[PDB]
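Take a look at this single chain in structure tokens; it is the form deposited in one PDB entry.
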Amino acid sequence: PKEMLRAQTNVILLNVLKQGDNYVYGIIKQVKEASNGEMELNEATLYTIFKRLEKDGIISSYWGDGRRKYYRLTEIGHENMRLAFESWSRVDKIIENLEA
């Protein structure tokens, strides 16, 4: 379901940036490693997602002295990531009680 793989890739990328500013190929490398090789993200996919995140002010970009484009989680981005993690944490516990 396209809308769901989009949400998953979004959460992964934001967690990569949570650990530190990074550039596209460094991100793709980290995600391939952490996924045991089963997630090879495409460059153009990152650009598509990063354009929406930059527009929404969740991330921003800057140049790093050949010159790579780096991305950073903004202050809003960090705060939104925290709200998401906490709200979905509640969802996780709700599902736990339903099953018991």
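A residue's number is simply how far along the shown sequence it sits, counting from 1. The term rigid core refers to the most C-alpha atoms you can superpose between the two forms while keeping them within 1.5 Å. Only residues modelled in both forms are compared.
- Coordinates are absent for 4 to 9 residues of the deposited sequence placed between residue 65 and residue 66.
- For the pair 8-16 and 81-89, the mean Cα B-factor is higher in 81-89.
- Averaged over Cα atoms, the B-factor as recorded in the entry is higher for 66-74 than for the other of 42-50 and 66-74.
What follows is about the form deposited in another entry, which we do not show.
- After superposition on the rigid core, displacement of the C-alpha of residue 7 between this form and the one not shown stays below 2 Å.
- Taking the rigid core as fixed, one finds a CA shift for residue 88 of 2 Å or more between this form and the one not shown.
- Where the rigid core is used as the reference frame, a consecutive stretch of 3+ residues with C-alpha displacements of 2 Å or more between this form and the one not shown occurs only at 86-100.
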